[PDB]
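**Q** Supplied structure: final.cif, mmCIF, C-alpha atoms.
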data_model
loop_
_atom_site.group_PDB
_atom_site.id
_atom_site.type_symbol
_atom_site.label_atom_id
_atom_site.label_comp_id
_atom_site.auth_asym_id
_atom_site.auth_seq_id
_atom_site.Cartn_x
_atom_site.Cartn_y
_atom_site.Cartn_z
ATOM 1 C CA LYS T 6 -117.553 122.067 -100.432
ATOM 2 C CA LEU T 7 -118.796 119.883 -97.597
ATOM 3 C CA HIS T 8 -116.077 118.494 -95.328
ATOM 4 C CA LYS T 9 -115.791 116.142 -92.358
ATOM 5 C CA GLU T 10 -114.664 117.187 -88.910
ATOM 6 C CA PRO T 11 -113.660 114.946 -86.015
ATOM 7 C CA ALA T 12 -115.895 114.436 -83.028
ATOM 8 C CA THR T 13 -115.896 112.126 -79.986
ATOM 9 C CA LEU T 14 -118.753 109.966 -78.811
ATOM 10 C CA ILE T 15 -120.441 110.914 -75.578
ATOM 11 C CA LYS T 16 -123.496 108.696 -75.842
ATOM 12 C CA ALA T 17 -126.049 107.363 -78.279
ATOM 13 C CA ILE T 18 -129.521 108.567 -77.398
ATOM 14 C CA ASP T 19 -131.854 107.179 -80.061
ATOM 15 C CA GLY T 20 -131.801 105.813 -83.588
ATOM 16 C CA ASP T 21 -131.397 109.304 -84.960
ATOM 17 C CA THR T 22 -129.930 111.308 -82.049
ATOM 18 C CA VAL T 23 -126.423 111.076 -80.641
ATOM 19 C CA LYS T 24 -124.513 113.248 -78.125
ATOM 20 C CA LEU T 25 -120.976 114.067 -79.323
ATOM 21 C CA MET T 26 -118.002 116.147 -78.143
ATOM 22 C CA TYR T 27 -117.412 118.632 -80.952
ATOM 23 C CA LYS T 28 -114.782 121.370 -80.963
ATOM 24 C CA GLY T 29 -114.558 120.836 -77.231
ATOM 25 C CA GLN T 30 -118.192 121.036 -76.224
ATOM 26 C CA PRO T 31 -120.954 118.510 -75.625
ATOM 27 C CA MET T 32 -123.634 118.797 -78.258
ATOM 28 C CA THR T 33 -126.696 116.790 -79.216
ATOM 29 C CA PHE T 34 -126.731 115.905 -82.930
ATOM 30 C CA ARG T 35 -129.849 115.020 -84.928
ATOM 31 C CA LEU T 36 -129.063 112.917 -88.028
ATOM 32 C CA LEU T 37 -129.932 114.786 -91.259
ATOM 33 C CA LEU T 38 -132.585 113.507 -93.658
ATOM 34 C CA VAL T 39 -133.695 110.468 -91.724
ATOM 35 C CA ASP T 40 -136.584 109.592 -89.449
ATOM 36 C CA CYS T 41 -136.175 106.578 -87.162
ATOM 37 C CA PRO T 42 -138.990 105.035 -85.147
ATOM 38 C CA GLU T 43 -138.849 106.454 -81.607
ATOM 39 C CA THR T 44 -138.053 104.965 -78.231
ATOM 40 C CA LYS T 45 -139.010 108.190 -76.473
ATOM 41 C CA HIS T 46 -141.646 109.657 -78.754
ATOM 42 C CA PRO T 47 -143.267 113.012 -77.984
ATOM 43 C CA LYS T 48 -146.661 111.269 -78.141
ATOM 44 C CA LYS T 49 -146.737 107.469 -78.532
ATOM 45 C CA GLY T 50 -143.416 106.251 -77.122
ATOM 46 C CA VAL T 51 -141.665 103.009 -78.073
ATOM 47 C CA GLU T 52 -142.551 102.472 -81.735
ATOM 48 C CA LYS T 53 -141.892 99.289 -83.716
ATOM 49 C CA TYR T 54 -138.255 98.982 -84.880
ATOM 50 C CA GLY T 55 -137.535 101.826 -82.471
ATOM 51 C CA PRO T 56 -135.402 99.714 -80.127
ATOM 52 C CA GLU T 57 -133.728 98.154 -83.162
ATOM 53 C CA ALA T 58 -132.910 101.454 -84.913
ATOM 54 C CA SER T 59 -131.540 102.657 -81.658
ATOM 55 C CA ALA T 60 -129.410 99.555 -81.070
ATOM 56 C CA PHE T 61 -128.034 99.865 -84.609
ATOM 57 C CA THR T 62 -126.882 103.444 -84.248
ATOM 58 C CA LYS T 63 -125.510 102.716 -80.804
ATOM 59 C CA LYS T 64 -123.390 99.779 -81.877
ATOM 60 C CA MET T 65 -122.244 101.565 -84.936
ATOM 61 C CA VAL T 66 -120.981 104.586 -83.082
ATOM 62 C CA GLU T 67 -119.742 102.726 -80.023
ATOM 63 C CA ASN T 68 -117.669 100.321 -82.085
ATOM 64 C CA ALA T 69 -116.028 102.920 -84.342
ATOM 65 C CA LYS T 70 -112.397 104.015 -84.258
ATOM 66 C CA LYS T 71 -113.195 107.440 -85.703
ATOM 67 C CA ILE T 72 -116.453 109.462 -85.736
ATOM 68 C CA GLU T 73 -116.697 112.452 -88.076
ATOM 69 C CA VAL T 74 -119.442 115.076 -88.467
ATOM 70 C CA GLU T 75 -120.436 116.635 -91.786
ATOM 71 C CA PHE T 76 -122.635 119.741 -91.773
ATOM 72 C CA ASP T 77 -124.747 120.451 -94.870
ATOM 73 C CA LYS T 78 -124.873 123.834 -96.636
ATOM 74 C CA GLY T 79 -127.895 125.313 -94.780
ATOM 75 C CA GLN T 80 -128.610 125.840 -91.108
ATOM 76 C CA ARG T 81 -126.448 123.758 -88.795
ATOM 77 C CA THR T 82 -128.740 123.658 -85.727
ATOM 78 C CA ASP T 83 -132.497 123.175 -85.334
ATOM 79 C CA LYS T 84 -134.936 124.989 -83.042
ATOM 80 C CA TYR T 85 -133.981 122.653 -80.182
ATOM 81 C CA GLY T 86 -130.311 123.540 -80.454
ATOM 82 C CA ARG T 87 -129.336 120.208 -81.967
ATOM 83 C CA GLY T 88 -126.572 120.084 -84.603
ATOM 84 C CA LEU T 89 -127.916 118.915 -88.004
ATOM 85 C CA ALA T 90 -125.348 116.688 -89.638
ATOM 86 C CA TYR T 91 -124.308 113.581 -91.538
ATOM 87 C CA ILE T 92 -122.470 111.358 -89.048
ATOM 88 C CA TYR T 93 -119.639 108.977 -90.172
ATOM 89 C CA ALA T 94 -118.395 105.949 -88.215
ATOM 90 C CA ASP T 95 -115.044 104.811 -89.625
ATOM 91 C CA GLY T 96 -115.906 106.452 -92.939
ATOM 92 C CA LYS T 97 -119.406 104.917 -93.207
ATOM 93 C CA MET T 98 -122.374 107.299 -93.065
ATOM 94 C CA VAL T 99 -124.666 106.320 -90.167
ATOM 95 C CA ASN T 100 -127.607 108.052 -91.847
ATOM 96 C CA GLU T 101 -127.322 105.906 -94.976
ATOM 97 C CA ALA T 102 -126.686 102.606 -93.149
ATOM 98 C CA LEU T 103 -129.904 103.100 -91.239
ATOM 99 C CA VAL T 104 -131.897 103.677 -94.400
ATOM 100 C CA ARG T 105 -130.165 100.876 -96.293
ATOM 101 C CA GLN T 106 -131.261 98.500 -93.480
ATOM 102 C CA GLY T 107 -134.912 99.601 -93.422
ATOM 103 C CA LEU T 108 -134.497 101.067 -89.968
ATOM 104 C CA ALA T 109 -135.226 104.626 -91.091
ATOM 105 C CA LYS T 110 -137.243 106.400 -93.754
ATOM 106 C CA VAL T 111 -135.917 109.401 -95.679
ATOM 107 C CA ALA T 112 -137.398 112.428 -93.836
ATOM 108 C CA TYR T 113 -139.237 115.413 -95.362
ATOM 109 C CA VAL T 114 -136.446 117.425 -96.959
ATOM 110 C CA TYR T 115 -135.602 121.098 -96.483
ATOM 111 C CA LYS T 116 -133.307 122.786 -98.990
ATOM 112 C CA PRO T 117 -130.621 123.667 -98.872
ATOM 113 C CA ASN T 118 -129.872 120.845 -96.426
ATOM 114 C CA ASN T 119 -130.333 118.089 -99.003
ATOM 115 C CA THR T 120 -126.875 117.385 -100.418
ATOM 116 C CA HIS T 121 -127.030 113.599 -99.782
ATOM 117 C CA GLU T 122 -130.727 113.369 -100.577
ATOM 118 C CA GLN T 123 -130.406 111.287 -103.755
ATOM 119 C CA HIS T 124 -127.986 108.708 -102.366
ATOM 120 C CA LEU T 125 -130.275 108.118 -99.402
ATOM 121 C CA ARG T 126 -133.428 107.824 -101.494
ATOM 122 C CA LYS T 127 -131.652 105.242 -103.609
ATOM 123 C CA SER T 128 -130.700 103.239 -100.499
ATOM 124 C CA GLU T 129 -134.250 103.569 -99.285
ATOM 125 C CA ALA T 130 -135.609 102.167 -102.551
ATOM 126 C CA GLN T 131 -133.347 99.094 -102.175
ATOM 127 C CA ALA T 132 -134.323 98.483 -98.587
ATOM 128 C CA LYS T 133 -137.954 98.651 -99.781
ATOM 129 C CA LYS T 134 -137.173 96.345 -102.680
ATOM 130 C CA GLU T 135 -135.603 93.872 -100.244
ATOM 131 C CA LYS T 136 -138.518 94.331 -97.825
ATOM 132 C CA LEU T 137 -136.286 94.978 -94.824
ATOM 133 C CA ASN T 138 -137.485 95.779 -91.306
ATOM 134 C CA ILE T 139 -139.843 98.750 -91.695
ATOM 135 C CA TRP T 140 -140.640 97.595 -95.244
ATOM 136 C CA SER T 141 -141.625 94.010 -94.465
#
Could you rewrite the structure in this file as structure tokens?

**A**
Amino acid sequence: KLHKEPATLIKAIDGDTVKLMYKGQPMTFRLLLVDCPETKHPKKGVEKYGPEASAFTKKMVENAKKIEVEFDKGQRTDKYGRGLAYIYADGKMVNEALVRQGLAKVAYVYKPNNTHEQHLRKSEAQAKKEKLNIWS
């Protein structure tokens, strides 16, 4: 059974990366199942909707009363040592909000870390249907 744990904001880094205090230690978290356009991309750099994705995540976590982290059932860190998690801001999943707003696409999925895959794909289809941001 997945479950949410408390965490404390340190700072928002990008649309899909946030630094959090978790069980007492600073950690970088990568949001599961979503790909945002980049502001600091390995190759290109500041992609379109990048600054917007990043402002969205930032406001959402900066304005919350409570942030919670939810690990999936597979590996909890990636090769770069980032935690892989669903992030909640006052009970609202940041990963889904981004997708619902057309500020992220659903990423390539790796079982078994795919528990919220269907909900997100459904929000992505609606953002597409409404032609929002990335889908316009």

**Q** Can you tell me which residues surround range 134-137 of chain T at a distance of at most 12 Å, considering all atoms listed in the file, apart from same-chain residues fewer than 2 positions away, and format the answer as a ChimeraX atom specification?

**A** /T:54,103-110,127-132,139-141

**Q** Just the selected residues (C-alpha atoms), exported as a PDB file, in the frame of the given file, please.

**A**
ATOM      1  CA  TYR T  54    -138.255  98.982 -84.880  1.00  0.00           C
ATOM      2  CA  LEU T 103    -129.904 103.100 -91.239  1.00  0.00           C
ATOM      3  CA  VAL T 104    -131.897 103.677 -94.400  1.00  0.00           C
ATOM      4  CA  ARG T 105    -130.165 100.876 -96.293  1.00  0.00           C
ATOM      5  CA  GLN T 106    -131.261  98.500 -93.480  1.00  0.00           C
ATOM      6  CA  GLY T 107    -134.912  99.601 -93.422  1.00  0.00           C
ATOM      7  CA  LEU T 108    -134.497 101.067 -89.968  1.00  0.00           C
ATOM      8  CA  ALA T 109    -135.226 104.626 -91.091  1.00  0.00           C
ATOM      9  CA  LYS T 110    -137.243 106.400 -93.754  1.00  0.00           C
ATOM     10  CA  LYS T 127    -131.652 105.242-103.609  1.00  0.00           C
ATOM     11  CA  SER T 128    -130.700 103.239-100.499  1.00  0.00           C
ATOM     12  CA  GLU T 129    -134.250 103.569 -99.285  1.00  0.00           C
ATOM     13  CA  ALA T 130    -135.609 102.167-102.551  1.00  0.00           C
ATOM     14  CA  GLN T 131    -133.347  99.094-102.175  1.00  0.00           C
ATOM     15  CA  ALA T 132    -134.323  98.483 -98.587  1.00  0.00           C
ATOM     16  CA  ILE T 139    -139.843  98.750 -91.695  1.00  0.00           C
ATOM     17  CA  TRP T 140    -140.640  97.595 -95.244  1.00  0.00           C
ATOM     18  CA  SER T 141    -141.625  94.010 -94.465  1.00  0.00           C
TER      19      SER T 141
END

**Q** Where does the PyMOL selection byres ((chain T and resi 66-70) around 6) land in this file, that is, which residues does it pick, as number ranges by chain?

**A** T: 63-65, 71, 94-95

**Q** Step by step, work through what the PyMOL selection byres ((chain T and resi 37) around 8) selects in the shown file, and finish by giving those residues as a list in words.

**A**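 Residues picked by the PyMOL selection byres ((chain T and resi 37) around 8): residues 35, 36, 38, 39, 89, 90, 91, 100 and 118 of chain T.
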
**Q** If I take CA of residue 7 in chain T and CA of residue 22 in chain T, how far is one from the other in Å, to one decimal?

**A**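 Calculated distance between CA of residue 7 in chain T and CA of residue 22 in chain T is 21.0 Å.
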
**Q** With 10 Å as the threshold, what does the neighbourhood of (-126.1, 126.5, -93.3) contain in terms of residues, counting all atoms listed in the file? Coordinates are those of the file; answer as a PyMOL selection string.

**A** chain T and resi 76-82+89+116-118

**Q** Using all atoms listed in the file for the distances, tell me which of T:58, T:87, T:46, T:10 is nearest to residue 31 in chain T.

**A**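 Closest to residue 31 in chain T, using all atoms listed in the file: T:87.
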
**Q** Can you pull out every residue within 7 Å of residue 93 in chain T, counting all atoms listed in the file, but drop anything in the same chain fewer than 6 positions away, and send it as a ChimeraX atom specification?

**A** /T:72-74,99

**Q** Could you tell me which of T:8, T:138, T:62, T:86 comes closest to residue 32 in chain T if we count only C-alpha atoms?

**A**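 Closest to residue 32 in chain T, using only C-alpha atoms: T:86.
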
**Q** What does the distance between CA of residue 23 in chain T and CA of residue 43 in chain T come to in Å, to one decimal place?

**A** 13.3 Å

**Q** With N, CA and C atoms as the goal, would you fill in the gaps in range 98-123 of chain T and present it as a PDB file, keeping the file's coordinate frame?

**A**
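The resulting file, out_22.pdb, is shown below:
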ATOM      1  N   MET T  98    -121.363 106.357 -93.583  1.00  0.00           N
ATOM      2  CA  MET T  98    -122.374 107.299 -93.065  1.00  0.00           C
ATOM      3  C   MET T  98    -123.421 106.556 -92.264  1.00  0.00           C
ATOM      4  N   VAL T  99    -123.610 106.912 -90.991  1.00  0.00           N
ATOM      5  CA  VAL T  99    -124.666 106.320 -90.167  1.00  0.00           C
ATOM      6  C   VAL T  99    -126.041 106.586 -90.737  1.00  0.00           C
ATOM      7  N   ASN T 100    -126.295 107.788 -91.260  1.00  0.00           N
ATOM      8  CA  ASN T 100    -127.607 108.052 -91.847  1.00  0.00           C
ATOM      9  C   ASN T 100    -127.986 107.093 -92.965  1.00  0.00           C
ATOM     10  N   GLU T 101    -127.032 106.809 -93.852  1.00  0.00           N
ATOM     11  CA  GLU T 101    -127.322 105.906 -94.976  1.00  0.00           C
ATOM     12  C   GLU T 101    -127.478 104.456 -94.533  1.00  0.00           C
ATOM     13  N   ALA T 102    -126.587 103.992 -93.650  1.00  0.00           N
ATOM     14  CA  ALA T 102    -126.686 102.606 -93.149  1.00  0.00           C
ATOM     15  C   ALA T 102    -128.049 102.344 -92.580  1.00  0.00           C
ATOM     16  N   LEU T 103    -128.579 103.329 -91.828  1.00  0.00           N
ATOM     17  CA  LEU T 103    -129.904 103.100 -91.239  1.00  0.00           C
ATOM     18  C   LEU T 103    -130.962 102.891 -92.299  1.00  0.00           C
ATOM     19  N   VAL T 104    -130.889 103.704 -93.352  1.00  0.00           N
ATOM     20  CA  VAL T 104    -131.897 103.677 -94.400  1.00  0.00           C
ATOM     21  C   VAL T 104    -131.734 102.401 -95.242  1.00  0.00           C
ATOM     22  N   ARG T 105    -130.471 102.093 -95.527  1.00  0.00           N
ATOM     23  CA  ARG T 105    -130.165 100.876 -96.293  1.00  0.00           C
ATOM     24  C   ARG T 105    -130.721  99.637 -95.589  1.00  0.00           C
ATOM     25  N   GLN T 106    -130.768  99.625 -94.267  1.00  0.00           N
ATOM     26  CA  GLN T 106    -131.261  98.500 -93.480  1.00  0.00           C
ATOM     27  C   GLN T 106    -132.749  98.518 -93.155  1.00  0.00           C
ATOM     28  N   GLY T 107    -133.495  99.477 -93.683  1.00  0.00           N
ATOM     29  CA  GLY T 107    -134.912  99.601 -93.422  1.00  0.00           C
ATOM     30  C   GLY T 107    -135.229  99.910 -91.974  1.00  0.00           C
ATOM     31  N   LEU T 108    -134.314 100.633 -91.338  1.00  0.00           N
ATOM     32  CA  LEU T 108    -134.497 101.067 -89.968  1.00  0.00           C
ATOM     33  C   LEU T 108    -134.749 102.574 -89.907  1.00  0.00           C
ATOM     34  N   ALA T 109    -134.846 103.211 -91.055  1.00  0.00           N
ATOM     35  CA  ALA T 109    -135.226 104.626 -91.091  1.00  0.00           C
ATOM     36  C   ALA T 109    -135.838 104.909 -92.448  1.00  0.00           C
ATOM     37  N   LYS T 110    -136.722 105.885 -92.500  1.00  0.00           N
ATOM     38  CA  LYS T 110    -137.243 106.400 -93.754  1.00  0.00           C
ATOM     39  C   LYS T 110    -136.544 107.689 -94.133  1.00  0.00           C
ATOM     40  N   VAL T 111    -136.485 108.080 -95.395  1.00  0.00           N
ATOM     41  CA  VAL T 111    -135.917 109.401 -95.679  1.00  0.00           C
ATOM     42  C   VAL T 111    -136.952 110.448 -95.242  1.00  0.00           C
ATOM     43  N   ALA T 112    -136.554 111.399 -94.429  1.00  0.00           N
ATOM     44  CA  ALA T 112    -137.398 112.428 -93.836  1.00  0.00           C
ATOM     45  C   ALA T 112    -137.965 113.385 -94.869  1.00  0.00           C
ATOM     46  N   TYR T 113    -138.859 114.293 -94.495  1.00  0.00           N
ATOM     47  CA  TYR T 113    -139.237 115.413 -95.362  1.00  0.00           C
ATOM     48  C   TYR T 113    -138.047 116.358 -95.495  1.00  0.00           C
ATOM     49  N   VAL T 114    -137.716 116.752 -96.718  1.00  0.00           N
ATOM     50  CA  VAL T 114    -136.446 117.425 -96.959  1.00  0.00           C
ATOM     51  C   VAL T 114    -136.561 118.939 -97.034  1.00  0.00           C
ATOM     52  N   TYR T 115    -135.583 119.631 -96.441  1.00  0.00           N
ATOM     53  CA  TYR T 115    -135.602 121.098 -96.483  1.00  0.00           C
ATOM     54  C   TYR T 115    -134.354 121.660 -97.145  1.00  0.00           C
ATOM     55  N   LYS T 116    -134.485 122.165 -98.380  1.00  0.00           N
ATOM     56  CA  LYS T 116    -133.307 122.786 -98.990  1.00  0.00           C
ATOM     57  C   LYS T 116    -132.929 123.993 -98.135  1.00  0.00           C
ATOM     58  N   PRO T 117    -131.651 124.322 -98.083  1.00  0.00           N
ATOM     59  CA  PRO T 117    -130.621 123.667 -98.872  1.00  0.00           C
ATOM     60  C   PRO T 117    -129.925 122.514 -98.140  1.00  0.00           C
ATOM     61  N   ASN T 118    -130.549 121.976 -97.088  1.00  0.00           N
ATOM     62  CA  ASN T 118    -129.872 120.845 -96.426  1.00  0.00           C
ATOM     63  C   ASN T 118    -130.327 119.536 -97.067  1.00  0.00           C
ATOM     64  N   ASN T 119    -129.846 119.269 -98.285  1.00  0.00           N
ATOM     65  CA  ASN T 119    -130.333 118.089 -99.003  1.00  0.00           C
ATOM     66  C   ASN T 119    -129.239 117.536 -99.911  1.00  0.00           C
ATOM     67  N   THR T 120    -128.002 117.844 -99.591  1.00  0.00           N
ATOM     68  CA  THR T 120    -126.875 117.385-100.418  1.00  0.00           C
ATOM     69  C   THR T 120    -126.867 115.873-100.559  1.00  0.00           C
ATOM     70  N   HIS T 121    -127.052 115.045 -99.532  1.00  0.00           N
ATOM     71  CA  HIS T 121    -127.030 113.599 -99.782  1.00  0.00           C
ATOM     72  C   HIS T 121    -128.409 113.043-100.036  1.00  0.00           C
ATOM     73  N   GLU T 122    -129.375 113.890-100.426  1.00  0.00           N
ATOM     74  CA  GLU T 122    -130.727 113.369-100.577  1.00  0.00           C
ATOM     75  C   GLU T 122    -130.864 112.222-101.577  1.00  0.00           C
ATOM     76  N   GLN T 123    -130.202 112.311-102.724  1.00  0.00           N
ATOM     77  CA  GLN T 123    -130.406 111.287-103.755  1.00  0.00           C
ATOM     78  C   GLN T 123    -129.805 109.942-103.359  1.00  0.00           C
TER      79      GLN T 123
END
